[PDB]
Amino acid sequence: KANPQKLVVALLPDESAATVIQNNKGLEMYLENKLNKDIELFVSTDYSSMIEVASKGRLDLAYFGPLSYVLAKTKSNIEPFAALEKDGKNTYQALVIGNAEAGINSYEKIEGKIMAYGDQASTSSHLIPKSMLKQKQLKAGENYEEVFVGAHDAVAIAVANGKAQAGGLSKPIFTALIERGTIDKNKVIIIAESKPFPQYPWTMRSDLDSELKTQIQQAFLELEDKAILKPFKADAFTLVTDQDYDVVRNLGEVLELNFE
Ligand SMILES: [Mg+2]
Ligand SMILES: [Mg+2]
């Protein structure tokens, strides 16, 4: 188990499994050649399931969301090591979006309506947009109805089709969904955008052989291939450590969220 021949690699189900797998094929092939190991991918049904599988010691690498990383780290022997870098920044934002047909173009128009969030353990499709709504005196179950639709693509689709009047999701995913034709830009209005949060961490099992750990980190750092990272509109990977996610811990405290 310190130097396995094949690596079990989990990817966050932030969108449909097909989409996540397809976007990662380039990276998988690169890493298999760089490391001379076979990679075997796993995409869970939901974020909590991925956390559980990490906590049980089944994974060698895992591409977590920021919040789901913080949660896993409480009960898993894992460490973050890399994150996507774009135009020199290693952060991303959440959006609050509204249904255009219903004229949902401000926070005031959310009141008394349906707000879609993704997975309960989502940073950019739950915690962050919820915080943004709270700062605008909107409170779930008091002056709006919340629905958890389980993923970012599910949020965008729900808002675009008017099943939900507003929603919160990843800015990069929203962009990708528009660029790929999945979402019609004319059917949604951007209401607000969040402050920058740290990018998703790539993580590894901490009891992998120290030489292998370095090889893995170095492999990510060495990647110079805009084509491989094109699905993520990214330049390169940079380094990250556990402390970079303290901002997410702090937000989780602010909102008094109970994952236990
Ligand atoms: Mg493979
Ligand atoms: Mg699911």
# chains A, B, ... in the order shown; residues from 1 in each chain; ligands from 1
>>> residues_around(residues="residue 249 of chain A", least_positions_apart="2", cutoff="12 Å", atoms="only C-alpha atoms", output="CSV table (one decimal) with N, CA and C atoms, in the first residue's frame")
chain,number,residue,atom,x,y,z
A,66,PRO,N,-13.5,22.4,-1.7
A,66,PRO,CA,-12.9,23.0,-0.5
A,66,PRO,C,-13.6,22.5,0.8
A,67,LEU,N,-14.9,22.6,0.9
A,67,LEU,CA,-15.6,22.2,2.0
A,67,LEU,C,-15.6,20.7,2.3
A,68,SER,N,-15.7,19.9,1.2
A,68,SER,CA,-15.7,18.4,1.4
A,68,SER,C,-14.3,18.0,1.7
A,69,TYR,N,-13.2,18.7,1.3
A,69,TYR,CA,-11.9,18.5,1.8
A,69,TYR,C,-11.8,18.7,3.3
A,70,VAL,N,-12.2,19.8,3.8
A,70,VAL,CA,-12.2,20.2,5.3
A,70,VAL,C,-12.9,19.1,6.1
A,71,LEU,N,-14.1,18.6,5.6
A,71,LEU,CA,-14.8,17.5,6.2
A,71,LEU,C,-14.1,16.2,6.2
A,73,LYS,N,-10.9,15.8,6.0
A,73,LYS,CA,-9.6,16.0,6.7
A,73,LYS,C,-9.8,15.7,8.2
A,74,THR,N,-11.0,15.9,8.7
A,74,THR,CA,-11.4,15.6,10.2
A,74,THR,C,-11.3,14.1,10.5
A,123,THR,N,-19.2,23.8,-1.3
A,123,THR,CA,-18.7,25.1,-1.0
A,123,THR,C,-19.5,26.2,-1.9
A,127,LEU,N,-22.6,26.5,0.7
A,127,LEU,CA,-22.2,27.4,1.8
A,127,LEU,C,-22.0,28.8,1.4
A,128,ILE,N,-21.3,29.1,0.3
A,128,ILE,CA,-20.9,30.4,-0.2
A,128,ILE,C,-22.2,31.2,-0.6
A,197,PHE,N,-12.5,32.3,-3.2
A,197,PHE,CA,-12.2,31.2,-2.3
A,197,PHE,C,-11.1,30.3,-2.9
A,198,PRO,N,-10.3,29.6,-2.1
A,198,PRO,CA,-9.3,28.7,-2.6
A,198,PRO,C,-9.9,27.7,-3.5
A,242,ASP,N,-3.0,22.6,3.8
A,242,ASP,CA,-4.2,22.6,4.7
A,242,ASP,C,-4.6,24.0,5.1
A,243,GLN,N,-3.6,24.9,5.5
A,243,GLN,CA,-4.0,26.2,6.0
A,243,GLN,C,-4.7,27.1,5.0
A,244,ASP,N,-4.6,26.8,3.7
A,244,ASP,CA,-5.3,27.6,2.7
A,244,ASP,C,-6.8,27.4,2.8
A,245,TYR,N,-7.3,26.3,3.5
A,245,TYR,CA,-8.7,26.0,3.7
A,245,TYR,C,-9.3,26.5,5.0
A,246,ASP,N,-8.5,27.2,5.8
A,246,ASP,CA,-9.0,27.8,7.0
A,246,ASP,C,-10.1,28.8,6.7
A,247,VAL,N,-10.1,29.5,5.6
A,247,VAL,CA,-11.2,30.5,5.3
A,247,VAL,C,-12.5,29.7,5.1
A,251,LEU,N,-16.0,30.0,7.4
A,251,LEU,CA,-17.3,30.2,6.8
A,251,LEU,C,-18.3,29.1,7.3
A,252,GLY,N,-17.9,27.9,7.5
A,252,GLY,CA,-18.7,26.8,8.0
A,252,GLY,C,-19.1,27.1,9.4
A,253,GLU,N,-18.2,27.7,10.2
A,253,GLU,CA,-18.6,28.1,11.6
A,253,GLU,C,-19.6,29.3,11.6
A,254,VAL,N,-19.4,30.2,10.7
A,254,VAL,CA,-20.3,31.4,10.6
A,254,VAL,C,-21.7,31.0,10.4
A,255,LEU,N,-21.9,29.9,9.5
A,255,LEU,CA,-23.3,29.5,9.1
A,255,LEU,C,-23.8,28.3,10.0
A,256,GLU,N,-23.0,28.0,11.0
A,256,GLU,CA,-23.4,26.9,12.0
A,256,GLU,C,-23.9,25.6,11.4
A,257,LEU,N,-23.2,25.2,10.3
A,257,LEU,CA,-23.6,24.0,9.6
A,257,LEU,C,-23.2,22.7,10.4
>>> residues_near_ligand(ligand="ligand 2", cutoff="7 Å", atoms="only C-alpha atoms and all ligand atoms", output="list in words")
residues 13, 45, 46 and 150 of chain A
>>> atom_distance(atom1="atom CA of residue 27 of chain A", atom2="atom CA of residue 8 of chain A")
14.2 Å
>>> residues_near_ligand(ligand="ligand 1", cutoff="9 Å", atoms="only C-alpha atoms and all ligand atoms", output="list in words")
residues 6, 7, 8, 25, 28, 29, 32, 37, 38, 39, 40 and 41 of chain A
>>> residues_around(residues="residue 223 of chain A", least_positions_apart="2", cutoff="8 Å", atoms="only C-alpha atoms", output="number ranges by chain")
A: 219-221, 225, 236-237
>>> atom_distance(atom1="atom CA of residue 214 of chain A", atom2="atom CA of residue 172 of chain A")
28.9 Å
>>> residues_around(residues="residue 44 of chain A", least_positions_apart="5", cutoff="8 Å", atoms="only C-alpha atoms", output="VMD selection string")
chain A and resid 10 to 13 49 to 50
>>> residues_around(residues="residue 216 of chain A", least_positions_apart="3", cutoff="9 Å", atoms="only C-alpha atoms", output="PyMOL selection string")
chain A and resi 31+34-35+81+204+211-213+219-221
>>> write_last_selection(atoms="N, CA, C and O atoms", output="mmCIF file, in the first residue's frame")
data_model
loop_
_atom_site.group_PDB
_atom_site.id
_atom_site.type_symbol
_atom_site.label_atom_id
_atom_site.label_comp_id
_atom_site.auth_asym_id
_atom_site.auth_seq_id
_atom_site.Cartn_x
_atom_site.Cartn_y
_atom_site.Cartn_z
ATOM 1 N N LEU A 31 -0.806 11.572 -16.157
ATOM 2 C CA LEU A 31 -0.273 11.061 -14.883
ATOM 3 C C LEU A 31 0.168 9.600 -14.949
ATOM 4 O O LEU A 31 1.182 9.234 -14.360
ATOM 5 N N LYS A 34 3.569 9.758 -16.715
ATOM 6 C CA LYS A 34 4.584 10.422 -15.860
ATOM 7 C C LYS A 34 5.020 9.565 -14.699
ATOM 8 O O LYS A 34 6.185 9.536 -14.342
ATOM 9 N N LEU A 35 4.056 8.909 -14.080
ATOM 10 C CA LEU A 35 4.328 8.117 -12.889
ATOM 11 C C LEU A 35 4.630 6.624 -13.189
ATOM 12 O O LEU A 35 5.059 5.900 -12.294
ATOM 13 N N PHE A 81 -2.225 18.972 -1.938
ATOM 14 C CA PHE A 81 -0.907 19.240 -2.525
ATOM 15 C C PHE A 81 -0.896 20.119 -3.765
ATOM 16 O O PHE A 81 0.150 20.624 -4.108
ATOM 17 N N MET A 204 -3.775 13.697 -1.470
ATOM 18 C CA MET A 204 -3.212 12.348 -1.518
ATOM 19 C C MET A 204 -3.219 11.712 -0.150
ATOM 20 O O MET A 204 -3.159 12.384 0.855
ATOM 21 N N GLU A 211 8.781 9.204 -1.411
ATOM 22 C CA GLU A 211 9.303 9.416 -2.756
ATOM 23 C C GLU A 211 8.153 9.506 -3.765
ATOM 24 O O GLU A 211 8.128 10.393 -4.612
ATOM 25 N N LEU A 212 7.176 8.611 -3.635
ATOM 26 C CA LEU A 212 5.992 8.654 -4.520
ATOM 27 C C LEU A 212 5.198 9.964 -4.348
ATOM 28 O O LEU A 212 4.733 10.564 -5.297
ATOM 29 N N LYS A 213 5.039 10.395 -3.098
ATOM 30 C CA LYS A 213 4.311 11.635 -2.793
ATOM 31 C C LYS A 213 4.948 12.815 -3.559
ATOM 32 O O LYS A 213 4.257 13.633 -4.168
ATOM 33 N N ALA A 219 4.800 15.946 -10.651
ATOM 34 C CA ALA A 219 4.045 15.673 -11.876
ATOM 35 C C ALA A 219 2.981 16.731 -12.185
ATOM 36 O O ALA A 219 2.799 17.133 -13.330
ATOM 37 N N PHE A 220 2.240 17.122 -11.156
ATOM 38 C CA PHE A 220 1.232 18.138 -11.294
ATOM 39 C C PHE A 220 1.867 19.474 -11.589
ATOM 40 O O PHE A 220 1.419 20.167 -12.489
ATOM 41 N N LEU A 221 2.902 19.828 -10.824
ATOM 42 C CA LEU A 221 3.667 21.075 -11.032
ATOM 43 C C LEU A 221 4.293 21.182 -12.429
ATOM 44 O O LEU A 221 4.370 22.259 -12.966
#
>>> closest_residue(among="A:184, A:99, A:229, A:130", to="residue 166 of chain A", atoms="only C-alpha atoms")
A:99
>>> select_by_dssp(residues="segment 139-226 of chain A", states="strand (DSSP E or B)", output="PDB file with N, CA and C atoms, in the first residue's frame")
ATOM      1  N   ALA A 140     -33.133  30.659   4.889  1.00  0.00           N
ATOM      2  CA  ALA A 140     -33.735  29.455   4.357  1.00  0.00           C
ATOM      3  C   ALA A 140     -34.774  28.905   5.295  1.00  0.00           C
ATOM      4  N   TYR A 144     -37.318  32.334   2.239  1.00  0.00           N
ATOM      5  CA  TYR A 144     -37.256  31.605   0.949  1.00  0.00           C
ATOM      6  C   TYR A 144     -37.274  30.104   1.205  1.00  0.00           C
ATOM      7  N   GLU A 145     -37.598  29.332   0.178  1.00  0.00           N
ATOM      8  CA  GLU A 145     -37.560  27.854   0.241  1.00  0.00           C
ATOM      9  C   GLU A 145     -36.272  27.388  -0.425  1.00  0.00           C
ATOM     10  N   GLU A 146     -35.532  26.525   0.258  1.00  0.00           N
ATOM     11  CA  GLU A 146     -34.308  25.928  -0.344  1.00  0.00           C
ATOM     12  C   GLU A 146     -34.626  24.520  -0.847  1.00  0.00           C
ATOM     13  N   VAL A 147     -34.013  24.124  -1.958  1.00  0.00           N
ATOM     14  CA  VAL A 147     -34.066  22.750  -2.482  1.00  0.00           C
ATOM     15  C   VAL A 147     -32.625  22.356  -2.805  1.00  0.00           C
ATOM     16  N   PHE A 148     -32.192  21.180  -2.339  1.00  0.00           N
ATOM     17  CA  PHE A 148     -30.888  20.591  -2.706  1.00  0.00           C
ATOM     18  C   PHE A 148     -31.042  19.682  -3.921  1.00  0.00           C
ATOM     19  N   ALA A 166     -34.119  30.923  -8.308  1.00  0.00           N
ATOM     20  CA  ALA A 166     -32.746  31.375  -8.124  1.00  0.00           C
ATOM     21  C   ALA A 166     -31.907  30.180  -7.707  1.00  0.00           C
ATOM     22  N   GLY A 167     -30.587  30.360  -7.729  1.00  0.00           N
ATOM     23  CA  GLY A 167     -29.677  29.287  -7.428  1.00  0.00           C
ATOM     24  C   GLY A 167     -28.285  29.796  -7.143  1.00  0.00           C
ATOM     25  N   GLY A 168     -27.474  28.908  -6.573  1.00  0.00           N
ATOM     26  CA  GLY A 168     -26.065  29.192  -6.308  1.00  0.00           C
ATOM     27  C   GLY A 168     -25.173  28.074  -6.855  1.00  0.00           C
ATOM     28  N   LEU A 169     -24.106  28.471  -7.518  1.00  0.00           N
ATOM     29  CA  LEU A 169     -23.191  27.485  -8.181  1.00  0.00           C
ATOM     30  C   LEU A 169     -21.835  28.107  -8.459  1.00  0.00           C
ATOM     31  N   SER A 170     -20.904  27.223  -8.825  1.00  0.00           N
ATOM     32  CA  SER A 170     -19.546  27.550  -9.237  1.00  0.00           C
ATOM     33  C   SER A 170     -19.554  28.442 -10.480  1.00  0.00           C
ATOM     34  N   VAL A 188     -30.972  32.937 -17.844  1.00  0.00           N
ATOM     35  CA  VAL A 188     -30.449  33.190 -16.513  1.00  0.00           C
ATOM     36  C   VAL A 188     -29.831  34.592 -16.405  1.00  0.00           C
ATOM     37  N   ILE A 189     -29.939  35.179 -15.209  1.00  0.00           N
ATOM     38  CA  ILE A 189     -29.366  36.489 -14.877  1.00  0.00           C
ATOM     39  C   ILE A 189     -28.385  36.297 -13.704  1.00  0.00           C
ATOM     40  N   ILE A 190     -27.181  36.819 -13.831  1.00  0.00           N
ATOM     41  CA  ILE A 190     -26.252  36.841 -12.725  1.00  0.00           C
ATOM     42  C   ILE A 190     -26.655  37.963 -11.763  1.00  0.00           C
ATOM     43  N   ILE A 191     -26.953  37.575 -10.528  1.00  0.00           N
ATOM     44  CA  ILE A 191     -27.336  38.555  -9.480  1.00  0.00           C
ATOM     45  C   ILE A 191     -26.119  39.082  -8.713  1.00  0.00           C
ATOM     46  N   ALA A 192     -25.240  38.171  -8.338  1.00  0.00           N
ATOM     47  CA  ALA A 192     -24.056  38.564  -7.586  1.00  0.00           C
ATOM     48  C   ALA A 192     -22.984  37.505  -7.717  1.00  0.00           C
ATOM     49  N   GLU A 193     -21.787  37.890  -7.346  1.00  0.00           N
ATOM     50  CA  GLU A 193     -20.635  36.955  -7.356  1.00  0.00           C
ATOM     51  C   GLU A 193     -19.915  37.060  -6.041  1.00  0.00           C
ATOM     52  N   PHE A 197     -12.515  32.288  -3.247  1.00  0.00           N
ATOM     53  CA  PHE A 197     -12.194  31.177  -2.328  1.00  0.00           C
ATOM     54  C   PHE A 197     -11.081  30.324  -2.927  1.00  0.00           C
ATOM     55  N   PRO A 198     -10.313  29.612  -2.097  1.00  0.00           N
ATOM     56  CA  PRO A 198      -9.285  28.723  -2.616  1.00  0.00           C
ATOM     57  C   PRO A 198      -9.877  27.668  -3.544  1.00  0.00           C
ATOM     58  N   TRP A 202      -6.405  19.091  -4.997  1.00  0.00           N
ATOM     59  CA  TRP A 202      -5.956  17.741  -5.115  1.00  0.00           C
ATOM     60  C   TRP A 202      -5.323  17.263  -3.840  1.00  0.00           C
ATOM     61  N   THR A 203      -5.695  16.041  -3.447  1.00  0.00           N
ATOM     62  CA  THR A 203      -5.223  15.486  -2.164  1.00  0.00           C
ATOM     63  C   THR A 203      -4.643  14.114  -2.389  1.00  0.00           C
ATOM     64  N   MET A 204      -3.775  13.697  -1.470  1.00  0.00           N
ATOM     65  CA  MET A 204      -3.212  12.348  -1.518  1.00  0.00           C
ATOM     66  C   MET A 204      -3.219  11.712  -0.150  1.00  0.00           C
ATOM     67  N   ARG A 205      -3.240  10.390  -0.147  1.00  0.00           N
ATOM     68  CA  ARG A 205      -3.092   9.616   1.061  1.00  0.00           C
ATOM     69  C   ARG A 205      -1.720   9.908   1.713  1.00  0.00           C
TER      70      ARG A 205
END
>>> closest_residue(among="A:120, A:109, A:94, A:231", to="residue 259 of chain A", atoms="only C-alpha atoms")
A:120
>>> select_by_dssp(residues="segment 14-215 of chain A", states="helix (DSSP H, G or I)", output="MDAnalysis selection string")
chainID A and resid 17:35 47:55 66:73 108:110 123:135 152:160 171:179 185:187 210:215
>>> closest_residue(among="A:96, A:126, A:260, A:86", to="residue 72 of chain A", atoms="only C-alpha atoms")
A:260
>>> closest_residue(among="A:199, A:59, A:226, A:160", to="residue 93 of chain A", atoms="only C-alpha atoms")
A:199
>>> residues_around(residues="residue 157 of chain A", least_positions_apart="2", cutoff="12 Å", atoms="only C-alpha atoms", output="count of residues only")
36
>>> atom_distance(atom1="atom CA of residue 129 of chain A", atom2="atom CA of residue 89 of chain A")
21.1 Å
